[PDB]
file structure.pdb (PDB, C-alpha atoms)
MODEL        1
ATOM      1  CA  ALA E   1     -67.981  44.901  22.648
ATOM      2  CA  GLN E   2     -65.048  45.767  20.374
ATOM      3  CA  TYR E   3     -67.238  47.808  18.045
ATOM      4  CA  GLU E   4     -69.562  49.988  20.152
ATOM      5  CA  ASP E   5     -72.482  52.045  18.881
ATOM      6  CA  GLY E   6     -71.610  55.626  19.783
ATOM      7  CA  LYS E   7     -67.880  54.860  19.685
ATOM      8  CA  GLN E   8     -66.481  53.830  16.275
ATOM      9  CA  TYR E   9     -69.797  54.375  14.566
ATOM     10  CA  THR E  10     -73.174  55.861  15.349
ATOM     11  CA  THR E  11     -76.602  54.595  14.365
ATOM     12  CA  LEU E  12     -78.930  56.886  12.454
ATOM     13  CA  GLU E  13     -82.060  57.592  14.497
ATOM     14  CA  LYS E  14     -83.803  58.031  11.124
ATOM     15  CA  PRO E  15     -82.542  55.112   8.931
ATOM     16  CA  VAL E  16     -82.548  55.792   5.191
ATOM     17  CA  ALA E  17     -84.360  53.156   3.130
ATOM     18  CA  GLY E  18     -82.844  52.233  -0.242
ATOM     19  CA  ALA E  19     -79.491  53.869   0.485
ATOM     20  CA  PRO E  20     -76.247  52.727  -1.199
ATOM     21  CA  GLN E  21     -74.350  50.005   0.684
ATOM     22  CA  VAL E  22     -71.231  52.080   1.251
ATOM     23  CA  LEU E  23     -71.661  55.808   0.734
ATOM     24  CA  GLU E  24     -68.835  58.322   1.150
ATOM     25  CA  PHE E  25     -69.272  62.121   0.943
ATOM     26  CA  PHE E  26     -66.515  64.650   0.289
ATOM     27  CA  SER E  27     -65.722  68.113  -0.957
ATOM     28  CA  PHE E  28     -62.711  69.122  -3.028
ATOM     29  CA  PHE E  29     -62.570  72.138  -0.668
ATOM     30  CA  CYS E  30     -62.438  69.909   2.389
ATOM     31  CA  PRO E  31     -58.982  69.693   4.019
ATOM     32  CA  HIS E  32     -59.574  66.405   5.823
ATOM     33  CA  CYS E  33     -61.037  65.062   2.572
ATOM     34  CA  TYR E  34     -57.747  65.839   0.854
ATOM     35  CA  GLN E  35     -56.032  63.886   3.622
ATOM     36  CA  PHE E  36     -58.549  61.028   3.379
ATOM     37  CA  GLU E  37     -58.143  60.673  -0.343
ATOM     38  CA  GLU E  38     -54.643  61.849  -1.236
ATOM     39  CA  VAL E  39     -52.618  60.687   1.815
ATOM     40  CA  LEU E  40     -54.605  58.002   3.684
ATOM     41  CA  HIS E  41     -56.365  56.545   0.610
ATOM     42  CA  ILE E  42     -59.483  55.657   2.634
ATOM     43  CA  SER E  43     -61.798  54.911  -0.293
ATOM     44  CA  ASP E  44     -59.282  52.539  -1.752
ATOM     45  CA  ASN E  45     -58.552  50.719   1.470
ATOM     46  CA  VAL E  46     -62.217  50.287   2.312
ATOM     47  CA  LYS E  47     -62.955  48.813  -1.167
ATOM     48  CA  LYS E  48     -60.194  46.218  -0.859
ATOM     49  CA  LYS E  49     -61.722  44.896   2.291
ATOM     50  CA  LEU E  50     -65.372  44.991   1.412
ATOM     51  CA  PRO E  51     -67.332  41.715   1.173
ATOM     52  CA  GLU E  52     -68.126  40.417  -2.303
ATOM     53  CA  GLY E  53     -71.207  42.060  -3.837
ATOM     54  CA  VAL E  54     -70.894  45.259  -1.793
ATOM     55  CA  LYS E  55     -70.387  48.284  -4.075
ATOM     56  CA  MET E  56     -68.944  51.734  -3.185
ATOM     57  CA  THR E  57     -70.514  55.110  -3.909
ATOM     58  CA  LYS E  58     -68.816  58.484  -3.520
ATOM     59  CA  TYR E  59     -70.620  61.836  -3.824
ATOM     60  CA  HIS E  60     -69.540  65.491  -3.765
ATOM     61  CA  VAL E  61     -71.357  68.084  -1.622
ATOM     62  CA  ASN E  62     -72.507  71.687  -2.095
ATOM     63  CA  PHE E  63     -72.162  73.149   1.384
ATOM     64  CA  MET E  64     -68.488  74.146   1.027
ATOM     65  CA  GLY E  65     -66.951  76.641  -1.375
ATOM     66  CA  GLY E  66     -70.004  78.508  -2.570
ATOM     67  CA  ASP E  67     -70.547  78.798  -6.279
ATOM     68  CA  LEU E  68     -67.377  76.858  -7.180
ATOM     69  CA  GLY E  69     -68.419  74.150  -4.691
ATOM     70  CA  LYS E  70     -71.635  73.587  -6.673
ATOM     71  CA  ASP E  71     -69.689  73.583  -9.936
ATOM     72  CA  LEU E  72     -67.524  70.834  -8.481
ATOM     73  CA  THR E  73     -70.606  68.783  -7.596
ATOM     74  CA  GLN E  74     -71.690  69.071 -11.218
ATOM     75  CA  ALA E  75     -68.133  68.266 -12.364
ATOM     76  CA  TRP E  76     -68.104  65.201 -10.143
ATOM     77  CA  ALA E  77     -71.390  64.168 -11.792
ATOM     78  CA  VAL E  78     -69.568  64.470 -15.154
ATOM     79  CA  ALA E  79     -66.723  62.329 -13.744
ATOM     80  CA  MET E  80     -69.173  59.634 -12.651
ATOM     81  CA  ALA E  81     -71.037  59.729 -15.961
ATOM     82  CA  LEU E  82     -67.854  59.416 -18.035
ATOM     83  CA  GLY E  83     -66.318  57.039 -15.495
ATOM     84  CA  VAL E  84     -63.126  59.070 -15.115
ATOM     85  CA  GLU E  85     -63.075  59.576 -11.325
ATOM     86  CA  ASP E  86     -59.644  57.936 -11.095
ATOM     87  CA  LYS E  87     -58.246  60.392 -13.625
ATOM     88  CA  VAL E  88     -59.546  63.679 -12.214
ATOM     89  CA  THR E  89     -59.707  63.152  -8.425
ATOM     90  CA  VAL E  90     -56.030  63.969  -7.830
ATOM     91  CA  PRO E  91     -55.767  67.049 -10.123
ATOM     92  CA  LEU E  92     -59.034  68.446  -8.790
ATOM     93  CA  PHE E  93     -57.896  68.108  -5.152
ATOM     94  CA  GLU E  94     -54.475  69.580  -5.958
ATOM     95  CA  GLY E  95     -55.995  72.309  -8.140
ATOM     96  CA  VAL E  96     -58.285  73.491  -5.343
ATOM     97  CA  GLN E  97     -56.027  72.959  -2.315
ATOM     98  CA  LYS E  98     -52.401  72.638  -3.391
ATOM     99  CA  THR E  99     -51.811  74.942  -6.369
ATOM    100  CA  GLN E 100     -55.055  76.919  -5.931
ATOM    101  CA  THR E 101     -55.364  77.149  -9.714
ATOM    102  CA  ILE E 102     -59.040  76.192  -9.850
ATOM    103  CA  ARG E 103     -61.061  79.408  -9.551
ATOM    104  CA  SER E 104     -63.769  78.977 -12.167
ATOM    105  CA  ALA E 105     -65.808  76.390 -14.011
ATOM    106  CA  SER E 106     -63.392  76.850 -16.922
ATOM    107  CA  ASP E 107     -60.449  75.907 -14.675
ATOM    108  CA  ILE E 108     -62.323  72.761 -13.669
ATOM    109  CA  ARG E 109     -62.878  72.001 -17.353
ATOM    110  CA  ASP E 110     -59.118  72.387 -17.980
ATOM    111  CA  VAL E 111     -58.410  69.554 -15.532
ATOM    112  CA  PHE E 112     -60.625  67.185 -17.539
ATOM    113  CA  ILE E 113     -59.051  68.330 -20.842
ATOM    114  CA  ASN E 114     -55.540  67.784 -19.443
ATOM    115  CA  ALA E 115     -56.681  64.344 -18.251
ATOM    116  CA  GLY E 116     -57.551  63.475 -21.857
ATOM    117  CA  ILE E 117     -61.309  63.983 -21.920
ATOM    118  CA  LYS E 118     -62.197  65.722 -25.191
ATOM    119  CA  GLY E 119     -63.633  69.229 -24.892
ATOM    120  CA  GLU E 120     -66.713  68.381 -26.905
ATOM    121  CA  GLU E 121     -67.337  65.302 -24.740
ATOM    122  CA  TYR E 122     -66.889  67.186 -21.481
ATOM    123  CA  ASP E 123     -69.202  69.966 -22.655
ATOM    124  CA  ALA E 124     -71.835  67.486 -23.890
ATOM    125  CA  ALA E 125     -71.796  65.733 -20.528
ATOM    126  CA  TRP E 126     -71.770  68.980 -18.483
ATOM    127  CA  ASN E 127     -74.916  70.068 -20.337
ATOM    128  CA  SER E 128     -76.660  66.660 -20.228
ATOM    129  CA  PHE E 129     -79.793  65.628 -18.371
ATOM    130  CA  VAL E 130     -78.064  62.387 -17.375
ATOM    131  CA  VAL E 131     -75.608  64.597 -15.484
ATOM    132  CA  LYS E 132     -78.518  66.671 -14.054
ATOM    133  CA  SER E 133     -80.023  63.489 -12.605
ATOM    134  CA  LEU E 134     -76.619  62.514 -11.183
ATOM    135  CA  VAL E 135     -76.426  65.965  -9.502
ATOM    136  CA  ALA E 136     -79.909  65.362  -8.060
ATOM    137  CA  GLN E 137     -78.841  61.940  -6.755
ATOM    138  CA  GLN E 138     -75.881  63.524  -4.926
ATOM    139  CA  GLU E 139     -78.041  66.233  -3.365
ATOM    140  CA  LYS E 140     -80.758  63.762  -2.347
ATOM    141  CA  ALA E 141     -78.326  61.361  -0.679
ATOM    142  CA  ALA E 142     -76.832  64.169   1.393
ATOM    143  CA  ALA E 143     -80.293  65.458   2.275
ATOM    144  CA  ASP E 144     -81.407  61.943   3.288
ATOM    145  CA  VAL E 145     -78.863  61.978   6.158
ATOM    146  CA  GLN E 146     -79.113  65.668   6.824
ATOM    147  CA  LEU E 147     -75.402  65.969   6.018
ATOM    148  CA  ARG E 148     -73.464  68.937   7.535
ATOM    149  CA  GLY E 149     -69.886  67.802   7.455
ATOM    150  CA  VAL E 150     -67.328  65.976   5.401
ATOM    151  CA  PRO E 151     -65.584  63.633   5.088
ATOM    152  CA  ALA E 152     -68.379  61.210   5.995
ATOM    153  CA  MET E 153     -69.188  57.574   5.357
ATOM    154  CA  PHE E 154     -72.454  55.713   5.749
ATOM    155  CA  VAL E 155     -73.165  52.017   5.599
ATOM    156  CA  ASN E 156     -76.588  50.745   4.390
ATOM    157  CA  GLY E 157     -78.150  54.070   5.286
ATOM    158  CA  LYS E 158     -78.108  52.948   8.892
ATOM    159  CA  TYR E 159     -74.595  53.462  10.271
ATOM    160  CA  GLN E 160     -72.224  56.456  10.186
ATOM    161  CA  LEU E 161     -68.460  56.033  10.697
ATOM    162  CA  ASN E 162     -66.985  57.854  13.681
ATOM    163  CA  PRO E 163     -63.213  58.217  13.108
ATOM    164  CA  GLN E 164     -62.739  60.788  15.894
ATOM    165  CA  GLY E 165     -62.592  57.903  18.325
ATOM    166  CA  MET E 166     -59.517  56.314  16.727
ATOM    167  CA  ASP E 167     -55.768  56.505  17.265
ATOM    168  CA  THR E 168     -54.140  58.472  14.438
ATOM    169  CA  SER E 169     -50.471  58.168  15.532
ATOM    170  CA  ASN E 170     -49.867  55.625  12.781
ATOM    171  CA  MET E 171     -51.589  56.453   9.493
ATOM    172  CA  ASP E 172     -51.550  52.825   8.209
ATOM    173  CA  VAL E 173     -53.088  51.453  11.395
ATOM    174  CA  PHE E 174     -55.829  54.101  11.379
ATOM    175  CA  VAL E 175     -56.743  53.362   7.766
ATOM    176  CA  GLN E 176     -57.061  49.625   8.386
ATOM    177  CA  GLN E 177     -59.104  50.156  11.539
ATOM    178  CA  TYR E 178     -61.374  52.397   9.448
ATOM    179  CA  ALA E 179     -61.599  49.769   6.691
ATOM    180  CA  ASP E 180     -62.094  46.862   9.130
ATOM    181  CA  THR E 181     -64.909  48.882  10.776
ATOM    182  CA  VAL E 182     -66.717  49.464   7.464
ATOM    183  CA  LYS E 183     -66.401  45.723   6.755
ATOM    184  CA  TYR E 184     -67.812  44.935  10.198
ATOM    185  CA  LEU E 185     -70.692  47.371   9.657
ATOM    186  CA  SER E 186     -71.293  45.908   6.211
ATOM    187  CA  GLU E 187     -71.749  42.427   7.709
ATOM    188  CA  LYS E 188     -74.142  43.653  10.422
TER     189      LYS E 188
ENDMDL
END
call {"tool": "encode", "arguments": {"input": "structure.pdb", "output": "structure tokens"}}
result
Amino acid sequence: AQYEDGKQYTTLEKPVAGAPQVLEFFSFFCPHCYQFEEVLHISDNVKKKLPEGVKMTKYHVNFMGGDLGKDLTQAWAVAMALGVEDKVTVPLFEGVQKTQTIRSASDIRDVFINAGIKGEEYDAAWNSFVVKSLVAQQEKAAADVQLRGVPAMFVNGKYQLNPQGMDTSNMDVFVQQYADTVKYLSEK
């Protein structure tokens, strides 16, 4: 066929019941994740092609960057809770990987402050049980698929994207193949 199991996607031997429809994992420490988000705009291009009534979920992971890595998972939980992902994703990626100015939880906090989130509001959220349950959700979803690398995308807890079997000579063409494949998997 044109979309072959084992080629552009793989099927989970241990399918995850009740998983989000489209689930992407990343780390702000992850170089290909920087590419995926900042240069290729994968998340965006997938969303624009998804069927109606199919929502997108994106979670941060702990297994890169040690202590600061975990802080970033909690920060991402704050971002989700306050709904400011689109305001902090770029400065967090650039702070970790471009300027290398994020070295502590306080430096992460600075990014939110600069993005216009009030200090008191950030701190309230950081310290909240709503954010603790969001952190748990992120950890659980990664554990459910025994996740060991990023970037990664799963569809309906049954299918995992396999971009390594795709031509990357043209960035635009790669992105749309990636997006078209998620849409195909979504309709399966």
call {"tool": "resolve_selection", "arguments": {"input": "structure.pdb", "expression": "the PyMOL selection byres ((chain E and resi 15-32) around 7)", "output": "PDB file with C-alpha atoms, in the coordinates of the input"}}
result
ATOM      1  CA  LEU E  12     -78.930  56.886  12.454  1.00  0.00           C
ATOM      2  CA  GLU E  13     -82.060  57.592  14.497  1.00  0.00           C
ATOM      3  CA  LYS E  14     -83.803  58.031  11.124  1.00  0.00           C
ATOM      4  CA  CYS E  33     -61.037  65.062   2.572  1.00  0.00           C
ATOM      5  CA  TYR E  34     -57.747  65.839   0.854  1.00  0.00           C
ATOM      6  CA  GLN E  35     -56.032  63.886   3.622  1.00  0.00           C
ATOM      7  CA  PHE E  36     -58.549  61.028   3.379  1.00  0.00           C
ATOM      8  CA  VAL E  54     -70.894  45.259  -1.793  1.00  0.00           C
ATOM      9  CA  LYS E  55     -70.387  48.284  -4.075  1.00  0.00           C
ATOM     10  CA  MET E  56     -68.944  51.734  -3.185  1.00  0.00           C
ATOM     11  CA  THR E  57     -70.514  55.110  -3.909  1.00  0.00           C
ATOM     12  CA  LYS E  58     -68.816  58.484  -3.520  1.00  0.00           C
ATOM     13  CA  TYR E  59     -70.620  61.836  -3.824  1.00  0.00           C
ATOM     14  CA  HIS E  60     -69.540  65.491  -3.765  1.00  0.00           C
ATOM     15  CA  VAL E  61     -71.357  68.084  -1.622  1.00  0.00           C
ATOM     16  CA  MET E  64     -68.488  74.146   1.027  1.00  0.00           C
ATOM     17  CA  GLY E  65     -66.951  76.641  -1.375  1.00  0.00           C
ATOM     18  CA  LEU E  92     -59.034  68.446  -8.790  1.00  0.00           C
ATOM     19  CA  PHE E  93     -57.896  68.108  -5.152  1.00  0.00           C
ATOM     20  CA  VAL E  96     -58.285  73.491  -5.343  1.00  0.00           C
ATOM     21  CA  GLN E  97     -56.027  72.959  -2.315  1.00  0.00           C
ATOM     22  CA  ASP E 144     -81.407  61.943   3.288  1.00  0.00           C
ATOM     23  CA  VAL E 150     -67.328  65.976   5.401  1.00  0.00           C
ATOM     24  CA  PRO E 151     -65.584  63.633   5.088  1.00  0.00           C
ATOM     25  CA  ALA E 152     -68.379  61.210   5.995  1.00  0.00           C
ATOM     26  CA  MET E 153     -69.188  57.574   5.357  1.00  0.00           C
ATOM     27  CA  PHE E 154     -72.454  55.713   5.749  1.00  0.00           C
ATOM     28  CA  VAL E 155     -73.165  52.017   5.599  1.00  0.00           C
ATOM     29  CA  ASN E 156     -76.588  50.745   4.390  1.00  0.00           C
ATOM     30  CA  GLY E 157     -78.150  54.070   5.286  1.00  0.00           C
ATOM     31  CA  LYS E 158     -78.108  52.948   8.892  1.00  0.00           C
TER      32      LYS E 158
END
call {"tool": "residues_near_point", "arguments": {"input": "structure.pdb", "point": "(-69.0, 63.7, -20.2)", "cutoff": "12 Å", "atoms": "only C-alpha atoms", "output": "ChimeraX atom specification"}}
result
/E:74-85,109,112-113,116-132,134
call {"tool": "closest_residue", "arguments": {"input": "structure.pdb", "among": "E:110, E:73, E:66, E:3", "to": "residue 138 of chain E", "atoms": "all atoms listed in the file"}}
result
E:73
call {"tool": "resolve_selection", "arguments": {"input": "structure.pdb", "expression": "the PyMOL selection byres ((chain E and resi 9) around 8)", "output": "MDAnalysis selection string"}}
result
chainID E and resid 3:8 10:11 159:163
call {"tool": "closest_residue", "arguments": {"input": "structure.pdb", "among": "E:170, E:175, E:188, E:182", "to": "residue 45 of chain E", "atoms": "only C-alpha atoms"}}
result
E:175
call {"tool": "closest_residue", "arguments": {"input": "structure.pdb", "among": "E:179, E:50, E:111, E:42", "to": "residue 89 of chain E", "atoms": "all atoms listed in the file"}}
result
E:111
call {"tool": "atom_distance", "arguments": {"input": "structure.pdb", "atom1": "atom CA of residue 72 of chain E", "atom2": "atom CA of residue 145 of chain E"}}
result
20.5 Å
call {"tool": "atom_distance", "arguments": {"input": "structure.pdb", "atom1": "atom CA of residue 146 of chain E", "atom2": "atom CA of residue 62 of chain E"}}
result
12.6 Å
call {"tool": "atom_distance", "arguments": {"input": "structure.pdb", "atom1": "atom CA of residue 106 of chain E", "atom2": "atom CA of residue 135 of chain E"}}
result
18.5 Å
call {"tool": "closest_residue", "arguments": {"input": "structure.pdb", "among": "E:40, E:115, E:1, E:108", "to": "residue 70 of chain E", "atoms": "all atoms listed in the file"}}
result
E:108
call {"tool": "axis_aligned_box", "arguments": {"input": "structure.pdb", "around": "segment 168-178 of chain E", "padding_each_side": "6 Å", "output": "lines of an AutoDock Vina configuration file"}}
result
center_x = -55.6
center_y = 54.0
center_z = 11.6
size_x = 23.5
size_y = 20.8
size_z = 19.8
call {"tool": "build_atoms", "arguments": {"input": "structure.pdb", "residues": "segment 18-38 of chain E", "atoms": "N, CA and C atoms", "output": "compact mmCIF listing (two decimals), keeping the file's coordinate frame"}}
result
# COMPACT_ATOMS: atom_id res chain seq x y z
N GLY E 18 -83.31 52.25 1.14
CA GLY E 18 -82.84 52.23 -0.24
C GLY E 18 -81.54 52.96 -0.48
N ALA E 19 -80.78 53.20 0.59
CA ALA E 19 -79.49 53.87 0.48
C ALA E 19 -78.42 52.95 -0.12
N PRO E 20 -77.38 53.54 -0.74
CA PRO E 20 -76.25 52.73 -1.20
C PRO E 20 -75.57 51.98 -0.04
N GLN E 21 -74.92 50.86 -0.35
CA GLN E 21 -74.35 50.00 0.68
C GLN E 21 -73.23 50.71 1.42
N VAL E 22 -72.27 51.24 0.67
CA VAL E 22 -71.23 52.08 1.25
C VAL E 22 -71.22 53.41 0.53
N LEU E 23 -71.45 54.48 1.29
CA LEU E 23 -71.66 55.81 0.73
C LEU E 23 -70.73 56.80 1.40
N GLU E 24 -69.78 57.33 0.64
CA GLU E 24 -68.83 58.32 1.15
C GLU E 24 -69.18 59.70 0.56
N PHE E 25 -69.07 60.74 1.38
CA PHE E 25 -69.27 62.12 0.94
C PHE E 25 -67.98 62.90 1.12
N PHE E 26 -67.70 63.80 0.19
CA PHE E 26 -66.52 64.65 0.29
C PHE E 26 -66.75 66.00 -0.35
N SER E 27 -65.79 66.91 -0.16
CA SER E 27 -65.72 68.11 -0.96
C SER E 27 -64.28 68.30 -1.37
N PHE E 28 -64.06 68.76 -2.59
CA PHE E 28 -62.71 69.12 -3.03
C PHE E 28 -62.15 70.32 -2.26
N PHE E 29 -63.00 71.02 -1.51
CA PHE E 29 -62.57 72.14 -0.67
C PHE E 29 -62.19 71.69 0.74
N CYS E 30 -62.48 70.43 1.03
CA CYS E 30 -62.44 69.91 2.39
C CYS E 30 -61.04 69.40 2.73
N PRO E 31 -60.36 70.05 3.70
CA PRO E 31 -58.98 69.69 4.02
C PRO E 31 -58.83 68.26 4.50
N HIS E 32 -59.71 67.79 5.38
CA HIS E 32 -59.57 66.40 5.82
C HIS E 32 -59.91 65.44 4.69
N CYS E 33 -60.74 65.87 3.75
CA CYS E 33 -61.04 65.06 2.57
C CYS E 33 -59.81 64.87 1.70
N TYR E 34 -59.03 65.93 1.54
CA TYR E 34 -57.75 65.84 0.85
C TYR E 34 -56.87 64.79 1.53
N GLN E 35 -56.81 64.86 2.85
CA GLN E 35 -56.03 63.89 3.62
C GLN E 35 -56.59 62.48 3.37
N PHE E 36 -57.90 62.33 3.54
CA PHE E 36 -58.55 61.03 3.38
C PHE E 36 -58.24 60.41 2.04
N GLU E 37 -58.27 61.22 0.99
CA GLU E 37 -58.14 60.67 -0.34
C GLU E 37 -56.70 60.62 -0.83
N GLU E 38 -55.96 61.70 -0.64
CA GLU E 38 -54.64 61.85 -1.24
C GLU E 38 -53.51 61.24 -0.40
